[PDB]
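Pasted below: query39.txt, compact mmCIF, N, CA, C and O atoms and all ligand atoms.
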# COMPACT_ATOMS: atom_id res chain seq x y z
N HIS A 1 4.63 -3.13 19.72
CA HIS A 1 3.57 -3.28 18.73
C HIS A 1 3.90 -2.54 17.44
O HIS A 1 4.00 -3.16 16.38
N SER A 2 4.07 -1.22 17.53
CA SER A 2 4.21 -0.38 16.34
C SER A 2 5.43 -0.75 15.50
O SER A 2 5.51 -0.34 14.34
N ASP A 3 6.37 -1.52 16.05
CA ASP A 3 7.53 -1.93 15.26
C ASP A 3 7.15 -2.97 14.22
O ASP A 3 7.65 -2.94 13.09
N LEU A 4 6.24 -3.89 14.58
CA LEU A 4 5.85 -4.97 13.69
C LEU A 4 4.60 -4.64 12.87
O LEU A 4 4.31 -5.36 11.90
N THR A 5 3.87 -3.58 13.21
CA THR A 5 2.74 -3.16 12.38
C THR A 5 3.22 -2.70 11.01
O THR A 5 2.62 -3.04 9.99
N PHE A 6 4.30 -1.91 10.97
CA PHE A 6 4.86 -1.51 9.69
C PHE A 6 5.56 -2.66 8.99
O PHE A 6 5.76 -2.60 7.77
N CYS A 7 5.94 -3.71 9.72
CA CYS A 7 6.36 -4.94 9.07
C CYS A 7 5.18 -5.62 8.39
O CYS A 7 5.32 -6.19 7.30
N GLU A 8 4.00 -5.55 9.01
CA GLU A 8 2.79 -6.04 8.34
C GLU A 8 2.47 -5.21 7.11
O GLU A 8 2.07 -5.76 6.07
N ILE A 9 2.64 -3.89 7.19
CA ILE A 9 2.36 -3.03 6.04
C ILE A 9 3.35 -3.32 4.92
O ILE A 9 2.96 -3.49 3.75
N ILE A 10 4.64 -3.39 5.25
CA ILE A 10 5.66 -3.64 4.23
C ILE A 10 5.45 -5.00 3.58
O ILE A 10 5.47 -5.13 2.35
N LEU A 11 5.22 -6.03 4.40
CA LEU A 11 5.02 -7.37 3.84
C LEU A 11 3.75 -7.44 3.01
O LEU A 11 3.71 -8.16 2.02
N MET A 12 2.71 -6.71 3.41
CA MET A 12 1.48 -6.69 2.62
C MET A 12 1.73 -6.07 1.25
O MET A 12 1.37 -6.64 0.21
N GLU A 13 2.38 -4.90 1.24
CA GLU A 13 2.64 -4.23 -0.03
C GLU A 13 3.58 -5.03 -0.91
O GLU A 13 3.44 -5.03 -2.14
N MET A 14 4.54 -5.75 -0.31
CA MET A 14 5.42 -6.61 -1.09
C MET A 14 4.67 -7.81 -1.64
O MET A 14 4.87 -8.22 -2.78
N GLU A 15 3.79 -8.41 -0.82
CA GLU A 15 3.02 -9.56 -1.26
C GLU A 15 2.12 -9.21 -2.44
O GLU A 15 1.94 -10.02 -3.35
N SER A 16 1.55 -8.00 -2.44
CA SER A 16 0.67 -7.59 -3.52
C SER A 16 1.39 -6.84 -4.64
O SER A 16 0.73 -6.37 -5.57
N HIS A 17 2.71 -6.73 -4.58
CA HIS A 17 3.46 -6.00 -5.60
C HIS A 17 3.41 -6.71 -6.94
O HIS A 17 3.25 -7.93 -7.02
N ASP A 18 3.53 -5.93 -8.02
CA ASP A 18 3.50 -6.50 -9.36
C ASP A 18 4.68 -7.44 -9.60
O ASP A 18 4.52 -8.50 -10.21
N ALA A 19 5.87 -7.07 -9.12
CA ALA A 19 7.08 -7.85 -9.33
C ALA A 19 7.31 -8.91 -8.25
O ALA A 19 8.45 -9.38 -8.09
N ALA A 20 6.27 -9.31 -7.52
CA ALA A 20 6.43 -10.18 -6.37
C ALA A 20 6.41 -11.66 -6.71
O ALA A 20 6.76 -12.48 -5.86
N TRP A 21 6.02 -12.02 -7.94
CA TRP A 21 5.76 -13.43 -8.24
C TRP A 21 6.94 -14.38 -7.98
O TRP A 21 6.67 -15.52 -7.59
N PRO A 22 8.21 -14.01 -8.15
CA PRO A 22 9.28 -14.99 -7.90
C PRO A 22 9.54 -15.26 -6.43
O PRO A 22 10.39 -16.10 -6.11
N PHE A 23 8.84 -14.59 -5.51
CA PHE A 23 9.17 -14.70 -4.09
C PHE A 23 7.94 -14.98 -3.23
O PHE A 23 7.99 -14.79 -2.01
N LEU A 24 6.84 -15.43 -3.84
CA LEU A 24 5.60 -15.65 -3.10
C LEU A 24 5.58 -16.99 -2.39
O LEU A 24 5.11 -17.08 -1.26
N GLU A 25 6.08 -18.04 -3.04
CA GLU A 25 6.23 -19.35 -2.45
C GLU A 25 7.70 -19.76 -2.50
O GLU A 25 8.47 -19.18 -3.27
N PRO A 26 8.12 -20.73 -1.68
CA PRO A 26 9.53 -21.13 -1.71
C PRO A 26 9.91 -21.71 -3.06
O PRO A 26 9.11 -22.38 -3.72
N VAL A 27 11.15 -21.45 -3.47
CA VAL A 27 11.67 -22.02 -4.70
C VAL A 27 11.59 -23.54 -4.63
O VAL A 27 12.03 -24.16 -3.66
N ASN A 28 10.99 -24.14 -5.66
CA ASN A 28 10.91 -25.59 -5.75
C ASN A 28 12.21 -26.13 -6.34
O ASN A 28 12.43 -26.00 -7.55
N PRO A 29 13.07 -26.73 -5.52
CA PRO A 29 14.37 -27.19 -6.05
C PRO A 29 14.25 -28.29 -7.08
O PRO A 29 15.15 -28.44 -7.91
N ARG A 30 13.15 -29.06 -7.07
CA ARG A 30 12.94 -30.05 -8.12
C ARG A 30 12.81 -29.40 -9.49
O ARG A 30 13.07 -30.04 -10.51
N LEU A 31 12.41 -28.13 -9.53
CA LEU A 31 12.15 -27.41 -10.77
C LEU A 31 13.33 -26.53 -11.15
O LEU A 31 13.65 -26.42 -12.34
N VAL A 32 13.98 -25.90 -10.18
CA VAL A 32 15.08 -24.98 -10.43
C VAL A 32 16.41 -25.71 -10.27
O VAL A 32 16.85 -25.98 -9.14
N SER A 33 17.05 -26.02 -11.39
CA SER A 33 18.27 -26.82 -11.35
C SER A 33 19.42 -26.00 -10.76
O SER A 33 19.75 -24.92 -11.27
N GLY A 34 20.02 -26.52 -9.70
CA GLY A 34 21.14 -25.87 -9.05
C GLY A 34 20.79 -25.00 -7.86
O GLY A 34 21.70 -24.51 -7.18
N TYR A 35 19.50 -24.80 -7.58
CA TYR A 35 19.12 -23.88 -6.51
C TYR A 35 19.45 -24.46 -5.14
O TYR A 35 19.85 -23.72 -4.23
N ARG A 36 19.28 -25.77 -4.97
CA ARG A 36 19.59 -26.40 -3.69
C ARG A 36 21.07 -26.26 -3.35
O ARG A 36 21.43 -26.00 -2.20
N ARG A 37 21.94 -26.40 -4.36
CA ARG A 37 23.38 -26.38 -4.12
C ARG A 37 23.90 -24.97 -3.85
O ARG A 37 24.84 -24.80 -3.07
N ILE A 38 23.29 -23.96 -4.46
CA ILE A 38 23.82 -22.60 -4.41
C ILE A 38 23.26 -21.80 -3.24
O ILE A 38 24.01 -21.09 -2.56
N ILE A 39 21.96 -21.88 -2.99
CA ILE A 39 21.32 -21.09 -1.94
C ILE A 39 21.31 -21.91 -0.66
O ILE A 39 20.59 -22.91 -0.55
N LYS A 40 22.10 -21.48 0.33
CA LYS A 40 22.22 -22.22 1.57
C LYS A 40 21.12 -21.88 2.58
O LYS A 40 20.89 -22.67 3.50
N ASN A 41 20.46 -20.74 2.44
CA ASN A 41 19.41 -20.32 3.37
C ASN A 41 18.29 -19.66 2.58
O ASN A 41 18.21 -18.43 2.49
N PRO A 42 17.40 -20.46 2.00
CA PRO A 42 16.32 -19.89 1.19
C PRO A 42 15.30 -19.16 2.04
O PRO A 42 15.08 -19.50 3.21
N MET A 43 14.66 -18.17 1.44
CA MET A 43 13.66 -17.36 2.13
C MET A 43 12.74 -16.74 1.09
O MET A 43 13.18 -16.37 0.00
N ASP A 44 11.45 -16.65 1.43
CA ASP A 44 10.45 -16.09 0.54
C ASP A 44 9.40 -15.38 1.38
O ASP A 44 9.45 -15.37 2.61
N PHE A 45 8.42 -14.78 0.69
CA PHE A 45 7.43 -13.97 1.39
C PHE A 45 6.46 -14.81 2.21
O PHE A 45 5.98 -14.35 3.25
N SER A 46 6.16 -16.04 1.77
CA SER A 46 5.21 -16.85 2.52
C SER A 46 5.79 -17.31 3.85
O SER A 46 5.08 -17.37 4.86
N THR A 47 7.09 -17.64 3.86
CA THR A 47 7.73 -18.03 5.11
C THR A 47 7.80 -16.86 6.09
O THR A 47 7.53 -17.03 7.29
N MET A 48 8.13 -15.67 5.59
CA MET A 48 8.13 -14.48 6.44
C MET A 48 6.73 -14.18 6.96
O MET A 48 6.56 -13.74 8.11
N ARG A 49 5.71 -14.42 6.13
CA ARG A 49 4.33 -14.23 6.56
C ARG A 49 3.97 -15.19 7.69
O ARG A 49 3.45 -14.78 8.73
N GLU A 50 4.25 -16.49 7.48
CA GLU A 50 4.01 -17.49 8.52
C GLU A 50 4.69 -17.10 9.82
O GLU A 50 4.08 -17.15 10.90
N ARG A 51 5.97 -16.72 9.75
CA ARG A 51 6.69 -16.37 10.97
C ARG A 51 6.16 -15.08 11.59
O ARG A 51 6.25 -14.90 12.81
N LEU A 52 5.59 -14.18 10.79
CA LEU A 52 5.08 -12.94 11.33
C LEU A 52 3.77 -13.17 12.08
O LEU A 52 3.59 -12.70 13.21
N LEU A 53 2.83 -13.88 11.45
CA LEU A 53 1.57 -14.21 12.12
C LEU A 53 1.83 -15.03 13.37
O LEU A 53 1.35 -14.68 14.46
N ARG A 54 2.59 -16.11 13.24
CA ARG A 54 2.96 -16.93 14.39
C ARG A 54 3.78 -16.14 15.41
O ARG A 54 3.99 -16.63 16.52
N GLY A 55 4.22 -14.93 15.06
CA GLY A 55 4.83 -14.02 16.01
C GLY A 55 6.33 -14.13 16.17
O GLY A 55 6.90 -13.37 16.96
N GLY A 56 6.99 -15.03 15.43
CA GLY A 56 8.39 -15.34 15.66
C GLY A 56 9.41 -14.28 15.29
O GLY A 56 10.56 -14.60 15.01
N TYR A 57 9.00 -13.01 15.28
CA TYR A 57 9.91 -11.91 14.99
C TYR A 57 10.11 -11.09 16.26
O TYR A 57 9.16 -10.49 16.76
N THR A 58 11.34 -11.09 16.77
CA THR A 58 11.62 -10.39 18.02
C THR A 58 11.59 -8.88 17.83
O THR A 58 11.12 -8.14 18.71
N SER A 59 12.07 -8.39 16.69
CA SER A 59 12.06 -6.97 16.38
C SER A 59 11.97 -6.80 14.87
O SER A 59 11.98 -7.77 14.11
N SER A 60 11.88 -5.54 14.43
CA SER A 60 11.88 -5.26 13.00
C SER A 60 13.20 -5.67 12.35
O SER A 60 13.23 -5.89 11.13
N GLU A 61 14.27 -5.81 13.13
CA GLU A 61 15.59 -6.09 12.57
C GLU A 61 15.66 -7.48 11.97
O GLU A 61 16.25 -7.68 10.90
N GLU A 62 15.07 -8.48 12.64
CA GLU A 62 15.07 -9.83 12.10
C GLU A 62 14.20 -9.92 10.84
O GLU A 62 14.56 -10.61 9.88
N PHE A 63 13.07 -9.22 10.84
CA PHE A 63 12.23 -9.13 9.65
C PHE A 63 13.03 -8.58 8.46
O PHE A 63 13.12 -9.22 7.41
N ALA A 64 13.62 -7.39 8.64
CA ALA A 64 14.44 -6.81 7.58
C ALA A 64 15.55 -7.76 7.16
O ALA A 64 15.89 -7.85 5.97
N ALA A 65 16.12 -8.48 8.12
CA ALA A 65 17.14 -9.48 7.79
C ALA A 65 16.59 -10.53 6.84
O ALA A 65 17.26 -10.92 5.88
N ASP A 66 15.36 -11.00 7.09
CA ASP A 66 14.78 -12.02 6.23
C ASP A 66 14.51 -11.48 4.83
O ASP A 66 14.75 -12.17 3.83
N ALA A 67 14.01 -10.25 4.73
CA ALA A 67 13.79 -9.65 3.41
C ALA A 67 15.09 -9.53 2.64
O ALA A 67 15.20 -9.98 1.48
N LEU A 68 16.11 -8.92 3.26
CA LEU A 68 17.41 -8.81 2.61
C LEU A 68 17.97 -10.18 2.27
O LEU A 68 18.76 -10.31 1.33
N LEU A 69 17.57 -11.22 3.01
CA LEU A 69 17.97 -12.57 2.64
C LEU A 69 17.29 -13.02 1.35
O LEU A 69 17.92 -13.65 0.49
N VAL A 70 15.99 -12.70 1.20
CA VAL A 70 15.30 -12.96 -0.06
C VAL A 70 16.09 -12.36 -1.22
O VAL A 70 16.43 -13.04 -2.19
N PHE A 71 16.41 -11.07 -1.12
CA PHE A 71 17.02 -10.41 -2.27
C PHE A 71 18.49 -10.79 -2.46
O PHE A 71 18.96 -10.84 -3.60
N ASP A 72 19.21 -11.08 -1.37
CA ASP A 72 20.57 -11.61 -1.51
C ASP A 72 20.55 -12.94 -2.25
O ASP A 72 21.39 -13.18 -3.13
N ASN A 73 19.61 -13.82 -1.90
CA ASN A 73 19.49 -15.09 -2.62
C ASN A 73 19.17 -14.85 -4.09
O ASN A 73 19.77 -15.48 -4.97
N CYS A 74 18.23 -13.93 -4.37
CA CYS A 74 17.88 -13.62 -5.75
C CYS A 74 19.11 -13.19 -6.54
O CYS A 74 19.34 -13.67 -7.66
N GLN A 75 19.92 -12.29 -5.98
CA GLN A 75 21.10 -11.82 -6.69
C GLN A 75 22.20 -12.86 -6.75
O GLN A 75 23.04 -12.80 -7.66
N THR A 76 22.22 -13.82 -5.82
CA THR A 76 23.23 -14.87 -5.88
C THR A 76 22.92 -15.87 -6.98
O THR A 76 23.82 -16.31 -7.70
N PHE A 77 21.65 -16.25 -7.14
CA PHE A 77 21.32 -17.32 -8.07
C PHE A 77 21.01 -16.84 -9.49
O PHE A 77 21.28 -17.58 -10.44
N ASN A 78 20.44 -15.65 -9.66
CA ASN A 78 19.92 -15.22 -10.95
C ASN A 78 20.75 -14.08 -11.53
O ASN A 78 21.23 -13.21 -10.80
N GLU A 79 20.91 -14.10 -12.85
CA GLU A 79 21.56 -12.99 -13.54
C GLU A 79 20.79 -11.70 -13.31
O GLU A 79 19.57 -11.70 -13.11
N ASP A 80 21.51 -10.58 -13.33
CA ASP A 80 20.87 -9.28 -13.15
C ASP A 80 19.89 -8.98 -14.28
O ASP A 80 18.96 -8.20 -14.07
N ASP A 81 20.07 -9.58 -15.46
CA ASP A 81 19.18 -9.35 -16.58
C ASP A 81 18.24 -10.52 -16.84
O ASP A 81 17.57 -10.54 -17.87
N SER A 82 18.19 -11.49 -15.93
CA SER A 82 17.16 -12.51 -16.00
C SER A 82 15.82 -11.93 -15.54
O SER A 82 15.76 -10.88 -14.91
N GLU A 83 14.74 -12.64 -15.87
CA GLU A 83 13.41 -12.19 -15.44
C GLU A 83 13.32 -12.16 -13.92
O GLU A 83 12.88 -11.16 -13.33
N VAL A 84 13.73 -13.25 -13.26
CA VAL A 84 13.79 -13.26 -11.80
C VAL A 84 14.74 -12.19 -11.30
O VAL A 84 14.50 -11.58 -10.25
N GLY A 85 15.82 -11.93 -12.03
CA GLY A 85 16.75 -10.89 -11.62
C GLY A 85 16.13 -9.51 -11.63
O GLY A 85 16.20 -8.78 -10.63
N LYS A 86 15.52 -9.14 -12.75
CA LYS A 86 14.87 -7.84 -12.85
C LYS A 86 13.77 -7.69 -11.80
O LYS A 86 13.68 -6.66 -11.11
N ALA A 87 12.93 -8.71 -11.65
CA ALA A 87 11.90 -8.68 -10.62
C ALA A 87 12.52 -8.46 -9.24
O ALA A 87 12.06 -7.62 -8.46
N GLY A 88 13.59 -9.21 -8.94
CA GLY A 88 14.24 -9.07 -7.65
C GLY A 88 14.80 -7.69 -7.41
O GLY A 88 14.79 -7.20 -6.28
N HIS A 89 15.31 -7.04 -8.46
CA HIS A 89 15.82 -5.68 -8.30
C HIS A 89 14.68 -4.71 -8.01
O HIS A 89 14.80 -3.87 -7.11
N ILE A 90 13.57 -4.83 -8.74
CA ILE A 90 12.41 -3.99 -8.45
C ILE A 90 11.94 -4.19 -7.02
O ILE A 90 11.64 -3.22 -6.30
N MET A 91 11.91 -5.44 -6.56
CA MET A 91 11.40 -5.73 -5.21
C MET A 91 12.36 -5.25 -4.13
O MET A 91 11.92 -4.76 -3.09
N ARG A 92 13.67 -5.39 -4.35
CA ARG A 92 14.64 -4.92 -3.37
C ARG A 92 14.59 -3.40 -3.25
O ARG A 92 14.55 -2.86 -2.14
N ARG A 93 14.57 -2.70 -4.39
CA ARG A 93 14.46 -1.24 -4.35
C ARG A 93 13.17 -0.80 -3.68
O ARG A 93 13.16 0.16 -2.89
N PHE A 94 12.06 -1.49 -3.96
CA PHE A 94 10.80 -1.17 -3.29
C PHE A 94 10.90 -1.39 -1.79
O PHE A 94 10.42 -0.56 -1.00
N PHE A 95 11.53 -2.49 -1.36
CA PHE A 95 11.60 -2.78 0.06
C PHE A 95 12.44 -1.76 0.80
O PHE A 95 12.05 -1.27 1.87
N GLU A 96 13.63 -1.45 0.28
CA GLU A 96 14.46 -0.45 0.95
C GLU A 96 13.79 0.91 0.93
O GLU A 96 13.85 1.67 1.90
N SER A 97 13.10 1.22 -0.18
CA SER A 97 12.34 2.46 -0.29
C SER A 97 11.33 2.59 0.85
O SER A 97 11.40 3.53 1.66
N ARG A 98 10.39 1.64 0.95
CA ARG A 98 9.35 1.74 1.97
C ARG A 98 9.92 1.60 3.38
O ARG A 98 9.43 2.24 4.31
N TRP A 99 10.94 0.76 3.55
CA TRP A 99 11.53 0.58 4.87
C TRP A 99 12.16 1.88 5.37
O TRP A 99 12.10 2.18 6.57
N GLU A 100 12.76 2.65 4.47
CA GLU A 100 13.45 3.86 4.91
C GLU A 100 12.48 4.98 5.27
O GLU A 100 12.80 5.82 6.12
N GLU A 101 11.30 5.02 4.65
CA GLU A 101 10.33 6.05 5.00
C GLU A 101 9.51 5.71 6.25
O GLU A 101 8.42 6.26 6.44
N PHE A 102 10.01 4.80 7.08
CA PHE A 102 9.59 4.69 8.47
C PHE A 102 10.76 4.95 9.41
O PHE A 102 10.69 5.86 10.24
N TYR A 103 11.84 4.18 9.29
CA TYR A 103 13.01 4.37 10.14
C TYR A 103 14.05 5.24 9.44
O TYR A 103 14.12 6.45 9.67
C1 LIG B 201 13.64 -16.42 -6.03
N1 LIG B 201 13.75 -17.24 -7.22
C2 LIG B 201 12.53 -17.60 -7.98
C3 LIG B 201 12.65 -18.46 -9.23
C4 LIG B 201 11.39 -18.83 -10.00
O1 LIG B 201 10.34 -18.49 -9.56
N2 LIG B 201 11.47 -19.58 -11.25
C5 LIG B 201 10.28 -19.94 -12.00
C6 LIG B 201 9.33 -20.78 -11.15
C7 LIG B 201 9.49 -22.28 -11.35
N3 LIG B 201 8.25 -22.81 -11.89
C8 LIG B 201 8.10 -23.69 -13.05
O2 LIG B 201 7.00 -24.01 -13.34
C9 LIG B 201 9.26 -24.22 -13.91
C10 LIG B 201 10.54 -24.44 -13.42
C11 LIG B 201 11.54 -24.93 -14.24
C12 LIG B 201 11.27 -25.23 -15.56
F1 LIG B 201 12.28 -25.71 -16.35
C13 LIG B 201 10.00 -25.02 -16.07
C14 LIG B 201 9.00 -24.53 -15.24
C15 LIG B 201 13.98 -18.95 -9.69
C16 LIG B 201 15.20 -18.59 -8.92
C17 LIG B 201 15.08 -17.72 -7.66
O3 LIG B 201 16.05 -17.43 -7.05
Take the structure in the file and write it out as C-alpha cells.
Ligand SMILES: Cn1cc(C(=O)NCCCNC(=O)c2ccc(F)cc2)ccc1=O
Amino acid sequence: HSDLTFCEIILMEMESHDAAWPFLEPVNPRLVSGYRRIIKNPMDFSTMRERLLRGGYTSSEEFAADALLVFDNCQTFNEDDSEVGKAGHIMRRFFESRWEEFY
C-alpha cells in the first residue's frame, strides 16, 4: 500500500504543478509535426493516472519508469530552451526532488 500512496502524492503534485501543462494529456500527433516519428513510446500524466487508479502498477519502480519516460520523451523531442523544454526541465527536477525525499 504505502509504496503507491506516495505515487499518488507525487502524481497529484505533478498534475497540479505550474509547469505541468505540456504533460497533462497525450501529445496530439496531428498537431505536433514529427512527434509520431520521433517518440516511440509516448507517456503523459493522464495515462499514468489511468493506470494508477486502475491499479496497473506493480511497484513504485514502474511508476517512476513512466515518469522518467515522460521527461526522456520531452528532452528527445524539444529543445532545452523551448517552452516545452523549459517546462519539462522544471517538471523533471521537481519529480526527482520529491521522489528522493521518500526513498
Ligand atoms: C510533451 N510535449 C508537449 C508538447 C505540447 O504540448 N505542444 C503544444 C500543444 C499543442 N496544441 C496546439 O494547440 C497546437 C499545436 C500545433 C500548432 F502548430 C498550433 C497549436 C509538444 C512536444 C512534447 O514533447
DSSP on the backbone, then: every residue of chain A marked alpha helix (DSSP H), written as a PyMOL selection string. chain A and resi 2-15+35-38+45-53+60-77+83-100
What lies within 8 Å of range 37-39 of chain A using only C-alpha atoms, ignoring chain neighbours under 6 positions off, as an MDAnalysis selection string? chainID A and resid 73 76:77
Could you tell me, counting only N, CA, C and O atoms and all ligand atoms, which protein and nucleic acid residues lie no more than 8 Å from ligand LIG 201 (chain B), written as number ranges by chain? A: 20-28, 30-33, 35, 43-44, 70-78, 83-85, 88
Please check which residues have atoms at most 6 Å from (7.4, -6.0, -4.5) in the file's coordinates, counting only N, CA, C and O atoms, and write them as a list in words.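 Counting only N, CA, C and O atoms, I find these residues within 6 Å of (7.4, -6.0, -4.5): residues 13, 14, 15, 17, 18, 19, 20, 90 and 91 of chain A.
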Between A:86, A:66, A:5, A:96, which is the closest to residue 41 in chain A once you count all atoms listed in the file?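 With all atoms listed in the file as the atom set, the closest residue is A:66.
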Could you check how far CA of residue 82 in chain A sits from CA of residue 8 in chain A, in Å to one decimal?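 Separation between CA of residue 82 in chain A and CA of residue 8 in chain A: 29.0 Å.
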I want to know what sits within 10 Å of residue 3 in chain A, based on only C-alpha atoms, with residues of the same chain fewer than 6 positions away left out; could you give that as a ChimeraX atom specification? /A:58-61,102-103
Could you write out the selected residues, including N, CA, C and O atoms, as an mmCIF file, in the frame of the given file?
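So the final result, stored in result-v1.cif, reads:
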data_model
loop_
_atom_site.group_PDB
_atom_site.id
_atom_site.type_symbol
_atom_site.label_atom_id
_atom_site.label_comp_id
_atom_site.auth_asym_id
_atom_site.auth_seq_id
_atom_site.Cartn_x
_atom_site.Cartn_y
_atom_site.Cartn_z
ATOM 1 N N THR A 58 11.340 -11.090 16.770
ATOM 2 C CA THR A 58 11.620 -10.390 18.020
ATOM 3 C C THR A 58 11.590 -8.880 17.830
ATOM 4 O O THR A 58 11.120 -8.140 18.710
ATOM 5 N N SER A 59 12.070 -8.390 16.690
ATOM 6 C CA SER A 59 12.060 -6.970 16.380
ATOM 7 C C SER A 59 11.970 -6.800 14.870
ATOM 8 O O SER A 59 11.980 -7.770 14.110
ATOM 9 N N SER A 60 11.880 -5.540 14.430
ATOM 10 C CA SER A 60 11.880 -5.260 13.000
ATOM 11 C C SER A 60 13.200 -5.670 12.350
ATOM 12 O O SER A 60 13.230 -5.890 11.130
ATOM 13 N N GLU A 61 14.270 -5.810 13.130
ATOM 14 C CA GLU A 61 15.590 -6.090 12.570
ATOM 15 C C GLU A 61 15.660 -7.480 11.970
ATOM 16 O O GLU A 61 16.250 -7.680 10.900
ATOM 17 N N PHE A 102 10.010 4.800 7.080
ATOM 18 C CA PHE A 102 9.590 4.690 8.470
ATOM 19 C C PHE A 102 10.760 4.950 9.410
ATOM 20 O O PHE A 102 10.690 5.860 10.240
ATOM 21 N N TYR A 103 11.840 4.180 9.290
ATOM 22 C CA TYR A 103 13.010 4.370 10.140
ATOM 23 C C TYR A 103 14.050 5.240 9.440
ATOM 24 O O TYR A 103 14.120 6.450 9.670
#
Using Å and a single decimal, report how far atom C of residue 6 in chain A sits from atom O of residue 99 in chain A.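 Result for atom O of residue 99 in chain A versus atom C of residue 6 in chain A: 8.5 Å, one decimal.
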How far is it from CA of residue 40 in chain A to atom C of residue 69 in chain A, in Å with one decimal?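 Computed distance, CA of residue 40 in chain A to atom C of residue 69 in chain A, equals 10.4 Å.
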